[PDB]
Amino acid sequence: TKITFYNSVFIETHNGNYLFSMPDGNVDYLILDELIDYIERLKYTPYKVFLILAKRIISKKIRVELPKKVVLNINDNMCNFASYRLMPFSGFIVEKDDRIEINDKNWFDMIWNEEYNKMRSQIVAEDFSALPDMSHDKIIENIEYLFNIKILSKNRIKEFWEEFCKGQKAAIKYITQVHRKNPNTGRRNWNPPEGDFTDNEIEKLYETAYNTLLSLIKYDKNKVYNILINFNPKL
Amino acid sequence: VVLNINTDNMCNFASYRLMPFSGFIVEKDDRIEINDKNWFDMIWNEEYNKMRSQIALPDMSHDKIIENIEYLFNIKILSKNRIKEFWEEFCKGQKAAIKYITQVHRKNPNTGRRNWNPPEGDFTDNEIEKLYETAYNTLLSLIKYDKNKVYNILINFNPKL
Amino acid sequence: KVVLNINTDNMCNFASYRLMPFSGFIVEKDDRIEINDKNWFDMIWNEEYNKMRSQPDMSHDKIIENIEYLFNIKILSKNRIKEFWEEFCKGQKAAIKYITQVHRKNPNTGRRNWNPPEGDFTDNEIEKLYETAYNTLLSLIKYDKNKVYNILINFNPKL
Amino acid sequence: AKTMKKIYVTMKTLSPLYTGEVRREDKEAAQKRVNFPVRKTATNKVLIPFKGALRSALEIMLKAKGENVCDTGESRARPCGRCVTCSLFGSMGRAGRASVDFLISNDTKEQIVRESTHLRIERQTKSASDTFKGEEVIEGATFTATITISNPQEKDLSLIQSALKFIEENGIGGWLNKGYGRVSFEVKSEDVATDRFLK
Amino acid sequence: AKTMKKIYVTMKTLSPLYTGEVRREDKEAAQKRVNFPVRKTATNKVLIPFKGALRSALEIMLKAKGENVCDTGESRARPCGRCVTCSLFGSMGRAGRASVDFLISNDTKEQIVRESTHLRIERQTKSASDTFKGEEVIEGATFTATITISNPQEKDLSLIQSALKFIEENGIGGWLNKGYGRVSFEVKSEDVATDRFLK
Amino acid sequence: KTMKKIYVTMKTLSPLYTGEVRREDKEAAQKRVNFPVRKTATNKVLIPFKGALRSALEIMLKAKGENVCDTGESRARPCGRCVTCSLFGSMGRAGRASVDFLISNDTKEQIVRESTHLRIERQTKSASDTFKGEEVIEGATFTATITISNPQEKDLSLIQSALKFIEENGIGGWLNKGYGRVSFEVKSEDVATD
Ligand SMILES: [Zn+2]
Ligand SMILES: [Zn+2]
Ligand SMILES: [Zn+2]
């Protein structure tokens, strides 16, 4: 930082030859009638003068300025009205960890829909609030067979237990959703059985999974947990 | 405190009756009111009208609505893409939903084609046109009802919308 | 009656009204339509979920050689001996259950819950050492409590 | 111990990037809408683990060179303590000399995370058999990290830069075999004094 | 003497935060679910040790200047009793001037603690070889502590801030090399009379 | 005549440690914990309460301006003239306040947990020394009952001031590392006739 003193501190960096208040070198920022000649004496007229006087020196073809996170506008049709170029804009300033965005109503509408979908899809009817019949051994036999072949998996048994904690009705909803044969694809959400088979047999094992899980929802929680804990040791 | 929300769509979580919600606590002179998104849209139009200034829908019953939406869903008129895009325009305001159902139902004057999905099955041309008008009337009646009941009606035919 | 349990401190002032967007749960009572926040429902979901869920034979001189080896190639450790001693003090049955749990090879991955041997062992010597750990600890099951404590106290002095 | 090497790492994505959500509650809440969520901060920023990627890079490269480097990565394997990766990344005794921060984005999920549709296509029928949705990070997204080596040796920045080239060539995280995770690194190495803060 | 310097320290987490549970019974109850529980209250708020982090920061930095601070971190190593760190945080036979409280969270464990899946991936096969669930603290979680300096000296506050600037660079808690523990401290100090309560 | 009774309930806000004084029970516990917590044989936690209230009023009143007798010093022998020796005890006459031990409301199995405390090296950043110390969980309700006979006017206010000095500094041990910060809730009662 080359500094020189005049009858005036002429610091000469690479970001501009600043001078707080006439050297013969190029002067970039002048940190400033008698006043006008001082600027006229400087060769290579300064880019900005940091100061009634401003009106005149603007008309002397010179820029003025009269005395944190980066702010990014996202909102752009303006108008001349009341001299300065301008637009009406109502919006939202958001304060990010390294920036300040200036968003509009469409952003808030987007995040309103994104939050409302989260809100509305958290409670599903009688949470924590005509089933077929099966003997306990038959439930053990069918869950064991459909656990060896990969239909009732540990993720399926886990997600059965989580919904059955939330009541019988949510468990029937989950089992009906997994067994549902989509009319456009002809496919159920069961994981397909491993081992060579035939589509009638595969459909009957899917039906067996539907009836064995549905006959387990009528049982007591502790009895359901003690049936499934022999297969998925977590839950 | 003055709730400006209809206190419906209330499930029974355990020994508790409740309703998932998102709105605004607009604290005013002694009200501290709880107003929904529709009030905020009004308020945004207030501001974005005032600041610039300085420079008949039919009634069709709810069970008939589920019946008609179910019939149109099984004959491939009100498909899952139609229910999804109707939900996106419904969350964008009721006027955008009128614009969308008008755009989909508008029989183009040159071609003579509406933007619905064609009925699957044997139906006559007059019958097909009456089904298209049924789709317009049923979704236009669904525009009146509030956001929560429209979500319940549309979630039984499109599980992800 | 309505009670707002949501904190009212942070509130912007747009359109000359003090407004604040919230996303919470309007909840019924005997006479209190109360607006309770996200945390309240995490309280009741945790409370309801936790409430609904809350409701052989071998030589002793050969045994000493086996536990030395399996403590020197790091299959058996201080933690294994510690949980073995707790399960021994809770019964014979639960200690057999724990030894079964640790030795159980999962069909999906082929991994047992022991600690792997360090050293240039191939596959079936590691499998034979796992079987050795199984039969050594399950042979220690039938011995009386004083002898098991004197056997384990050489290796894990805390227990 | 008088010096401290600060390697400022700036990673720009040259491909889609995925790293799965590890938080169970956040994964479940996002799996109501997208089957493969991307890993996210609570400040809505994308977090890739970075220490394991660098350590794995240096382990395969130094095992290929024929050095005395063990294999952390095998199931419950014990770090020996005598390698260079045990010096730079840790053993059961001493900790790692290099504190490898997470690769955190400078941007927020609205700007860089997109939900994308992926398929399984039947071979003989040539139609969609399965469909799933996964959140990924867009191309050109810029991520930052600062590796802080305490007690810096002379061959520490070279090994970090070699590991950065290996992560450039194999990918950082996620579905690396499909084309995801191809990135580029910029290295602003420096050597600060440990008493920088004491004025 | 007649004053006490109270440094109210508010720290935000810029990263996932892990500090381990110390309590046998709480850890043993949590290992039925999570192999690495986080350190909490029975009020269900996350506790972080704070005095040892500050002491470790000041010993490393003041030993990097060349001042004759001892190290209270080796096995069997005793405080000498004559350093500035021995005056600020204590010696065997001389109680510390700083009453560093625990970093107590503002929110509870449901808000800020998430169960997270961590892995060990085999280097050659690029497949998961170990899985372990561990609890971590989310980003943007606010913790508060009070460092109450008795017999206040001139350097102390700056020293504490310098120590905080070490913890801002390295981290606080566990898994510090993996990226965990990166935080941001804000200081609000107040010189107060020690007879404030007598009134 | 009318003796002043101060019921002091205490709620633990950061983990409490007070070390065990009885050598036989400390030796019995030394097997499990290096630092056992002070416990009764009724399986309840008792805390010393006289000395903390005393030393609170000592430092507060000493730097206030009223000269007192510094107890806990090299010799620590007090006068019989200053205010602390008129409240919490003098080398001659008994102190006017009987400060009961802060007994707990709960038992050992419900508040007392063993914990891993640590000493980490500053170069390897790994645990050099580990030890096992017992603490009391937060939210644990203790109770005590202060008995000031011959009640002066500046007695309840002084006890409350000392309790605020204890709420900010801590009760028990390991006080600088964060152990011992509590809240105090106070009720008062004069008794006249029985
Ligand atoms: Zn090694
Ligand atoms: Zn010292
Ligand atoms: Zn005295």
# chains A, B, ... in the order shown; residues from 1 in each chain; ligands from 1
>>> residues_around(residues="segment 1-13 of chain F", least_positions_apart="2", cutoff="9 Å", atoms="only C-alpha atoms", output="PyMOL selection string")
(chain E and resi 41+43) or (chain F and resi 15-16+102+104+136-151+155-156+159+180-193)
>>> residues_around(residues="segment 1-5 of chain A", least_positions_apart="6", cutoff="10 Å", atoms="only C-alpha atoms", output="number ranges by chain")
A: 11-14, 17-19, 23
>>> write_last_selection(atoms="N, CA, C and O atoms", output="PDB file, in the first residue's frame")
ATOM      1  N   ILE A  11      -3.284   6.891  -0.410  1.00  0.00           N
ATOM      2  CA  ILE A  11      -3.046   5.454  -0.390  1.00  0.00           C
ATOM      3  C   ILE A  11      -3.305   4.889  -1.778  1.00  0.00           C
ATOM      4  O   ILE A  11      -4.345   5.154  -2.392  1.00  0.00           O
ATOM      5  N   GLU A  12      -2.365   4.087  -2.280  1.00  0.00           N
ATOM      6  CA  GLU A  12      -2.455   3.550  -3.643  1.00  0.00           C
ATOM      7  C   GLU A  12      -2.423   2.029  -3.573  1.00  0.00           C
ATOM      8  O   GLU A  12      -1.362   1.410  -3.662  1.00  0.00           O
ATOM      9  N   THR A  13      -3.598   1.429  -3.426  1.00  0.00           N
ATOM     10  CA  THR A  13      -3.735  -0.020  -3.444  1.00  0.00           C
ATOM     11  C   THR A  13      -3.970  -0.503  -4.875  1.00  0.00           C
ATOM     12  O   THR A  13      -3.958   0.277  -5.832  1.00  0.00           O
ATOM     13  N   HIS A  14      -4.189  -1.805  -5.035  1.00  0.00           N
ATOM     14  CA  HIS A  14      -4.594  -2.365  -6.317  1.00  0.00           C
ATOM     15  C   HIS A  14      -6.108  -2.376  -6.491  1.00  0.00           C
ATOM     16  O   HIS A  14      -6.591  -2.704  -7.579  1.00  0.00           O
ATOM     17  N   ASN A  17      -6.779   3.886  -6.267  1.00  0.00           N
ATOM     18  CA  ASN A  17      -5.930   4.911  -5.662  1.00  0.00           C
ATOM     19  C   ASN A  17      -6.811   5.886  -4.884  1.00  0.00           C
ATOM     20  O   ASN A  17      -7.188   6.961  -5.360  1.00  0.00           O
ATOM     21  N   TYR A  18      -7.159   5.476  -3.662  1.00  0.00           N
ATOM     22  CA  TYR A  18      -7.978   6.286  -2.767  1.00  0.00           C
ATOM     23  C   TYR A  18      -7.204   7.530  -2.324  1.00  0.00           C
ATOM     24  O   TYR A  18      -5.973   7.520  -2.234  1.00  0.00           O
ATOM     25  N   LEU A  19      -7.931   8.619  -2.061  1.00  0.00           N
ATOM     26  CA  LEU A  19      -7.316   9.788  -1.429  1.00  0.00           C
ATOM     27  C   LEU A  19      -8.392  10.499  -0.611  1.00  0.00           C
ATOM     28  O   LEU A  19      -9.367  11.005  -1.174  1.00  0.00           O
ATOM     29  N   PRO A  23      -2.339  15.319  -6.074  1.00  0.00           N
ATOM     30  CA  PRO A  23      -1.173  14.646  -6.652  1.00  0.00           C
ATOM     31  C   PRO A  23      -1.239  14.608  -8.171  1.00  0.00           C
ATOM     32  O   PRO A  23      -2.286  14.819  -8.787  1.00  0.00           O
TER      33      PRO A  23
END
>>> select_by_dssp(residues="chain F", states="alpha helix (DSSP H)", output="number ranges by chain")
F: 23-30, 50-64, 83-87, 108-111, 156-169
>>> write_last_selection(atoms="N, CA and C atoms", output="CSV table (one decimal), in the first residue's frame")
chain,number,residue,atom,x,y,z
F,23,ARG,N,-16.3,-44.2,55.0
F,23,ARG,CA,-15.2,-45.0,54.4
F,23,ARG,C,-15.6,-46.4,54.0
F,24,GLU,N,-16.4,-47.1,54.9
F,24,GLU,CA,-16.8,-48.4,54.6
F,24,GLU,C,-17.7,-48.5,53.4
F,25,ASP,N,-18.7,-47.6,53.3
F,25,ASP,CA,-19.6,-47.7,52.2
F,25,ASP,C,-18.9,-47.2,50.9
F,26,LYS,N,-18.0,-46.2,51.1
F,26,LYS,CA,-17.2,-45.8,49.9
F,26,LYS,C,-16.3,-46.9,49.4
F,27,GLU,N,-15.7,-47.7,50.4
F,27,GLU,CA,-14.9,-48.8,50.0
F,27,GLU,C,-15.7,-49.9,49.3
F,28,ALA,N,-16.9,-50.1,49.8
F,28,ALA,CA,-17.8,-51.1,49.2
F,28,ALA,C,-18.2,-50.6,47.8
F,29,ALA,N,-18.4,-49.3,47.6
F,29,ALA,CA,-18.8,-48.8,46.3
F,29,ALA,C,-17.6,-48.6,45.4
F,30,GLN,N,-16.4,-48.5,45.9
F,30,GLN,CA,-15.2,-48.2,45.1
F,30,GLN,C,-15.0,-49.3,44.0
F,50,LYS,N,-25.3,-26.7,55.2
F,50,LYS,CA,-24.8,-25.6,56.1
F,50,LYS,C,-23.6,-24.9,55.5
F,51,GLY,N,-22.6,-25.6,55.0
F,51,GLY,CA,-21.4,-25.0,54.6
F,51,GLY,C,-21.5,-24.2,53.3
F,52,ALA,N,-22.4,-24.6,52.4
F,52,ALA,CA,-22.6,-23.8,51.2
F,52,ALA,C,-23.3,-22.5,51.4
F,53,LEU,N,-24.4,-22.6,52.3
F,53,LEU,CA,-25.1,-21.4,52.7
F,53,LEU,C,-24.1,-20.4,53.4
F,54,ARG,N,-23.3,-21.0,54.3
F,54,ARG,CA,-22.3,-20.2,55.0
F,54,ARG,C,-21.3,-19.5,54.1
F,55,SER,N,-20.6,-20.3,53.2
F,55,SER,CA,-19.6,-19.8,52.3
F,55,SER,C,-20.2,-18.8,51.3
F,56,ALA,N,-21.5,-19.0,50.9
F,56,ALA,CA,-22.2,-18.0,50.1
F,56,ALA,C,-22.3,-16.7,50.8
F,57,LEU,N,-22.8,-16.7,52.1
F,57,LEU,CA,-22.9,-15.4,52.8
F,57,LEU,C,-21.5,-14.8,53.2
F,58,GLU,N,-20.5,-15.7,53.3
F,58,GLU,CA,-19.1,-15.2,53.6
F,58,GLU,C,-18.6,-14.4,52.4
F,59,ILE,N,-18.6,-15.0,51.2
F,59,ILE,CA,-18.0,-14.2,50.0
F,59,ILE,C,-18.9,-13.0,49.7
F,60,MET,N,-20.2,-13.2,49.7
F,60,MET,CA,-21.1,-12.1,49.3
F,60,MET,C,-21.1,-10.9,50.4
F,61,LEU,N,-21.1,-11.2,51.6
F,61,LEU,CA,-21.0,-10.2,52.7
F,61,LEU,C,-19.6,-9.6,52.8
F,62,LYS,N,-18.6,-10.4,52.5
F,62,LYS,CA,-17.2,-10.0,52.6
F,62,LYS,C,-16.9,-8.9,51.5
F,63,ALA,N,-17.3,-9.2,50.3
F,63,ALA,CA,-17.1,-8.2,49.2
F,63,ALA,C,-18.2,-7.2,49.2
F,64,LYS,N,-19.3,-7.4,49.9
F,64,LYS,CA,-20.3,-6.4,50.1
F,64,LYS,C,-19.7,-5.2,50.9
F,83,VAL,N,-21.8,-11.2,61.2
F,83,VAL,CA,-23.2,-11.7,60.8
F,83,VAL,C,-23.2,-13.2,60.5
F,84,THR,N,-22.2,-13.7,59.8
F,84,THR,CA,-22.2,-15.1,59.5
F,84,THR,C,-22.0,-16.0,60.7
F,85,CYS,N,-21.2,-15.5,61.7
F,85,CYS,CA,-21.1,-16.2,62.9
F,85,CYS,C,-22.3,-16.1,63.8
F,86,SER,N,-23.1,-15.1,63.6
F,86,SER,CA,-24.4,-15.0,64.3
F,86,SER,C,-25.5,-15.8,63.6
F,87,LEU,N,-25.2,-16.3,62.4
F,87,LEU,CA,-26.2,-17.1,61.7
F,87,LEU,C,-25.7,-18.6,61.5
F,108,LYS,N,-32.1,-44.4,45.5
F,108,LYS,CA,-30.9,-44.6,44.7
F,108,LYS,C,-31.2,-45.1,43.3
F,109,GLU,N,-32.1,-46.0,43.2
F,109,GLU,CA,-32.4,-46.7,41.9
F,109,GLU,C,-33.1,-45.7,40.9
F,110,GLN,N,-33.6,-44.6,41.4
F,110,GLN,CA,-34.4,-43.7,40.6
F,110,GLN,C,-33.7,-42.4,40.3
F,111,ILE,N,-32.6,-42.0,41.0
F,111,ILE,CA,-31.9,-40.8,40.6
F,111,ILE,C,-30.4,-41.0,40.4
F,156,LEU,N,-34.4,-14.3,56.6
F,156,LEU,CA,-35.0,-15.0,55.4
F,156,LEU,C,-34.4,-14.4,54.1
F,157,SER,N,-34.2,-13.1,54.1
F,157,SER,CA,-33.6,-12.4,52.9
F,157,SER,C,-32.2,-12.9,52.7
F,158,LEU,N,-31.4,-13.0,53.8
F,158,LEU,CA,-30.0,-13.5,53.7
F,158,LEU,C,-29.9,-14.9,53.3
F,159,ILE,N,-30.8,-15.8,53.7
F,159,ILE,CA,-30.9,-17.2,53.3
F,159,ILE,C,-31.2,-17.3,51.9
F,160,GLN,N,-32.2,-16.5,51.4
F,160,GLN,CA,-32.6,-16.5,50.0
F,160,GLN,C,-31.5,-16.0,49.1
F,161,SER,N,-30.7,-14.9,49.6
F,161,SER,CA,-29.6,-14.4,48.8
F,161,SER,C,-28.5,-15.5,48.7
F,162,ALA,N,-28.2,-16.2,49.8
F,162,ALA,CA,-27.2,-17.3,49.8
F,162,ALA,C,-27.7,-18.4,48.8
F,163,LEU,N,-29.0,-18.7,48.8
F,163,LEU,CA,-29.5,-19.7,47.9
F,163,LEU,C,-29.4,-19.3,46.4
F,164,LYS,N,-29.6,-18.0,46.1
F,164,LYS,CA,-29.2,-17.5,44.8
F,164,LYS,C,-27.7,-17.7,44.5
F,165,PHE,N,-26.9,-17.4,45.5
F,165,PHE,CA,-25.5,-17.6,45.2
F,165,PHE,C,-25.1,-19.1,45.0
F,166,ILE,N,-25.9,-20.0,45.6
F,166,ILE,CA,-25.7,-21.4,45.4
F,166,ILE,C,-26.3,-21.9,44.1
F,167,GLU,N,-27.4,-21.2,43.6
F,167,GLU,CA,-28.0,-21.5,42.4
F,167,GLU,C,-27.1,-21.2,41.2
F,168,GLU,N,-26.2,-20.3,41.4
F,168,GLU,CA,-25.3,-19.9,40.2
F,168,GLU,C,-24.0,-20.5,40.3
F,169,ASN,N,-23.5,-20.9,41.5
F,169,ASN,CA,-22.2,-21.5,41.7
F,169,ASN,C,-22.3,-23.0,41.8
>>> residues_near_ligand(ligand="ligand 3", cutoff="9 Å", atoms="only C-alpha atoms and all ligand atoms", output="count of residues only")
17
>>> interface_residues(of="chain B", to="chain D", cutoff="12 Å", atoms="only C-alpha atoms", output="MDAnalysis selection string")
chainID B and resid 159:161
>>> residues_around(residues="residue 109 of chain D", least_positions_apart="4", cutoff="10 Å", atoms="only C-alpha atoms", output="list in words")
residues 38, 40, 41, 43, 44, 45, 46, 105, 113, 114, 135, 136, 137 and 138 of chain D
>>> select_by_dssp(residues="chain B", states="strand (DSSP E)", output="ChimeraX atom specification")
/B:11-13,16-20,23-26,33-35
>>> write_last_selection(atoms="N, CA and C atoms", output="mmCIF file, in the first residue's frame")
data_model
loop_
_atom_site.group_PDB
_atom_site.id
_atom_site.type_symbol
_atom_site.label_atom_id
_atom_site.label_comp_id
_atom_site.auth_asym_id
_atom_site.auth_seq_id
_atom_site.Cartn_x
_atom_site.Cartn_y
_atom_site.Cartn_z
ATOM 1 N N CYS B 11 -59.817 -35.598 13.064
ATOM 2 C CA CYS B 11 -59.673 -37.041 13.326
ATOM 3 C C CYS B 11 -59.626 -37.277 14.833
ATOM 4 N N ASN B 12 -59.597 -38.535 15.244
ATOM 5 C CA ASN B 12 -59.481 -38.888 16.660
ATOM 6 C C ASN B 12 -58.187 -39.673 16.862
ATOM 7 N N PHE B 13 -57.117 -38.930 17.121
ATOM 8 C CA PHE B 13 -55.842 -39.498 17.533
ATOM 9 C C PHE B 13 -55.955 -39.873 19.003
ATOM 10 N N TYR B 16 -57.945 -38.136 21.808
ATOM 11 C CA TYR B 16 -57.748 -36.745 21.433
ATOM 12 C C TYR B 16 -58.422 -36.518 20.086
ATOM 13 N N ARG B 17 -59.151 -35.416 19.945
ATOM 14 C CA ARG B 17 -59.705 -35.020 18.656
ATOM 15 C C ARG B 17 -58.943 -33.815 18.129
ATOM 16 N N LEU B 18 -58.434 -33.936 16.932
ATOM 17 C CA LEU B 18 -57.560 -32.853 16.442
ATOM 18 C C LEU B 18 -57.638 -32.647 14.934
ATOM 19 N N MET B 19 -56.959 -31.607 14.433
ATOM 20 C CA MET B 19 -56.965 -31.293 12.984
ATOM 21 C C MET B 19 -55.617 -30.720 12.541
ATOM 22 N N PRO B 20 -54.821 -31.428 11.718
ATOM 23 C CA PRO B 20 -53.596 -30.863 11.126
ATOM 24 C C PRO B 20 -53.899 -29.539 10.445
ATOM 25 N N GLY B 23 -51.682 -22.070 9.215
ATOM 26 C CA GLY B 23 -52.344 -20.774 9.020
ATOM 27 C C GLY B 23 -51.504 -19.624 9.518
ATOM 28 N N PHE B 24 -52.125 -18.538 9.960
ATOM 29 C CA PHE B 24 -51.468 -17.316 10.403
ATOM 30 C C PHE B 24 -52.078 -16.836 11.712
ATOM 31 N N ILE B 25 -51.227 -16.574 12.701
ATOM 32 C CA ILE B 25 -51.655 -15.889 13.936
ATOM 33 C C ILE B 25 -51.499 -14.399 13.667
ATOM 34 N N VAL B 26 -52.569 -13.800 13.168
ATOM 35 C CA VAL B 26 -52.564 -12.370 12.918
ATOM 36 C C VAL B 26 -53.026 -11.639 14.180
ATOM 37 N N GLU B 33 -56.229 -13.233 16.027
ATOM 38 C CA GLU B 33 -57.030 -14.142 15.216
ATOM 39 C C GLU B 33 -56.174 -15.190 14.508
ATOM 40 N N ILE B 34 -56.800 -16.325 14.193
ATOM 41 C CA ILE B 34 -56.147 -17.445 13.521
ATOM 42 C C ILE B 34 -56.774 -17.553 12.135
ATOM 43 N N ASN B 35 -56.180 -16.889 11.144
ATOM 44 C CA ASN B 35 -56.733 -16.859 9.793
ATOM 45 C C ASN B 35 -55.902 -17.697 8.832
#
>>> residues_near_ligand(ligand="ligand 2", cutoff="12 Å", atoms="only C-alpha atoms and all ligand atoms", output="compact mmCIF listing (two decimals) with N, CA, C and O atoms, in the first residue's frame")
# COMPACT_ATOMS: atom_id res chain seq x y z
N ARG E 55 -10.29 -25.95 28.31
CA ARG E 55 -8.96 -26.21 28.86
C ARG E 55 -8.03 -26.80 27.81
O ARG E 55 -6.88 -26.38 27.70
N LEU E 58 -7.01 -24.08 25.35
CA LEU E 58 -6.03 -23.13 25.87
C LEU E 58 -4.67 -23.78 26.11
O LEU E 58 -3.64 -23.13 25.90
N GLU E 59 -4.62 -25.06 26.50
CA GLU E 59 -3.32 -25.73 26.65
C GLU E 59 -2.61 -25.90 25.31
O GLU E 59 -1.41 -25.61 25.22
N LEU E 62 -1.72 -22.05 24.09
CA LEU E 62 -0.70 -21.42 24.93
C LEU E 62 0.60 -22.22 24.96
O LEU E 62 1.65 -21.63 25.23
N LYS E 63 0.57 -23.53 24.69
CA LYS E 63 1.81 -24.26 24.50
C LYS E 63 2.38 -24.00 23.11
O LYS E 63 3.60 -24.06 22.93
N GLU E 67 4.55 -20.24 26.01
CA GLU E 67 4.35 -20.03 27.43
C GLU E 67 4.41 -21.35 28.17
O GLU E 67 4.12 -22.42 27.62
N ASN E 68 4.81 -21.29 29.44
CA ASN E 68 5.07 -22.48 30.24
C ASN E 68 3.79 -23.02 30.89
O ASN E 68 3.68 -23.16 32.10
N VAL E 69 2.81 -23.34 30.04
CA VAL E 69 1.63 -24.05 30.51
C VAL E 69 1.96 -25.53 30.61
O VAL E 69 2.75 -26.07 29.82
N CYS E 70 1.40 -26.20 31.61
CA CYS E 70 1.58 -27.64 31.69
C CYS E 70 0.54 -28.32 30.81
O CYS E 70 -0.30 -27.67 30.17
N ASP E 71 0.59 -29.64 30.77
CA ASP E 71 -0.44 -30.44 30.11
C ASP E 71 -1.11 -31.29 31.18
O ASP E 71 -0.47 -32.11 31.83
N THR E 72 -2.42 -31.09 31.33
CA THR E 72 -3.25 -31.89 32.22
C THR E 72 -4.01 -32.97 31.45
O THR E 72 -5.18 -33.23 31.72
N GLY E 73 -3.36 -33.59 30.47
CA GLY E 73 -4.04 -34.53 29.61
C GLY E 73 -3.40 -35.89 29.48
O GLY E 73 -4.05 -36.84 29.04
N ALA E 77 -0.24 -37.28 34.72
CA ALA E 77 0.23 -35.91 34.71
C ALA E 77 -0.60 -35.04 35.63
O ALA E 77 -1.84 -35.03 35.55
N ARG E 78 0.07 -34.31 36.50
CA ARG E 78 -0.56 -33.46 37.49
C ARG E 78 -0.46 -32.00 37.09
O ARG E 78 0.49 -31.62 36.39
N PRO E 79 -1.48 -31.20 37.38
CA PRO E 79 -1.37 -29.75 37.20
C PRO E 79 -0.24 -29.18 38.04
O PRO E 79 -0.05 -29.54 39.20
N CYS E 80 0.53 -28.26 37.44
CA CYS E 80 1.66 -27.69 38.15
C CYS E 80 1.22 -26.63 39.15
O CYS E 80 1.79 -26.52 40.24
N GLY E 81 0.22 -25.82 38.78
CA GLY E 81 -0.32 -24.82 39.67
C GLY E 81 0.21 -23.42 39.48
O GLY E 81 -0.14 -22.53 40.26
N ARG E 82 0.94 -23.16 38.42
CA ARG E 82 1.57 -21.82 38.25
C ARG E 82 1.22 -21.23 36.88
O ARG E 82 1.57 -20.05 36.67
N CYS E 83 0.59 -22.01 35.99
CA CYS E 83 0.30 -21.50 34.66
C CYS E 83 -0.89 -20.56 34.69
O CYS E 83 -1.53 -20.33 35.72
N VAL E 84 -1.20 -20.01 33.52
CA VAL E 84 -2.41 -19.23 33.36
C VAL E 84 -3.61 -20.17 33.18
O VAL E 84 -4.72 -19.86 33.64
N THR E 85 -3.40 -21.34 32.58
CA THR E 85 -4.46 -22.35 32.50
C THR E 85 -4.77 -22.96 33.85
O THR E 85 -5.93 -23.30 34.12
N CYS E 86 -3.75 -23.13 34.70
CA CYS E 86 -3.98 -23.62 36.06
C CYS E 86 -4.72 -22.59 36.90
O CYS E 86 -5.48 -22.95 37.81
N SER E 87 -4.50 -21.30 36.63
CA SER E 87 -5.26 -20.27 37.32
C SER E 87 -6.69 -20.21 36.81
O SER E 87 -7.63 -20.06 37.59
N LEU E 88 -6.87 -20.34 35.50
CA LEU E 88 -8.20 -20.17 34.91
C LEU E 88 -9.10 -21.37 35.13
O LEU E 88 -10.30 -21.20 35.38
N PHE E 89 -8.56 -22.59 35.08
CA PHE E 89 -9.41 -23.77 35.17
C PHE E 89 -9.04 -24.72 36.30
O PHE E 89 -9.72 -25.73 36.48
N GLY E 90 -7.98 -24.46 37.05
CA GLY E 90 -7.75 -25.25 38.24
C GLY E 90 -6.46 -26.03 38.33
O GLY E 90 -5.80 -26.32 37.33
N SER E 91 -6.11 -26.38 39.57
CA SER E 91 -4.93 -27.18 39.87
C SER E 91 -5.26 -28.08 41.05
O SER E 91 -6.26 -27.89 41.75
N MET E 92 -4.42 -29.09 41.25
CA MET E 92 -4.55 -29.97 42.41
C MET E 92 -4.16 -29.19 43.66
O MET E 92 -2.98 -28.98 43.93
N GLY E 93 -5.16 -28.76 44.42
CA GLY E 93 -4.94 -27.88 45.55
C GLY E 93 -5.23 -26.42 45.29
O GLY E 93 -4.93 -25.59 46.15
N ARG E 94 -5.80 -26.08 44.13
CA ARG E 94 -6.15 -24.70 43.81
C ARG E 94 -7.34 -24.75 42.86
O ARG E 94 -7.19 -25.13 41.70
N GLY E 96 -10.44 -23.82 40.37
CA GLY E 96 -10.43 -23.00 39.18
C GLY E 96 -11.23 -21.73 39.33
O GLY E 96 -12.21 -21.66 40.07
>>> interface_residues(of="chain F", to="chain D", cutoff="8 Å", atoms="only C-alpha atoms", output="list in words")
residues 124, 125 and 126 of chain F
>>> interface_residues(of="chain B", to="chain A", cutoff="9 Å", atoms="only C-alpha atoms", output="NGL selection string")
:B and (10-15 or 19-22 or 37 or 44 or 47-48 or 51-52 or 54-55 or 88 or 91-92 or 148 or 151 or 161)
>>> interface_residues(of="chain E", to="chain A", cutoff="12 Å", atoms="only C-alpha atoms", output="MDAnalysis selection string")
chainID E and resid 12:14 31:34 139:140 184
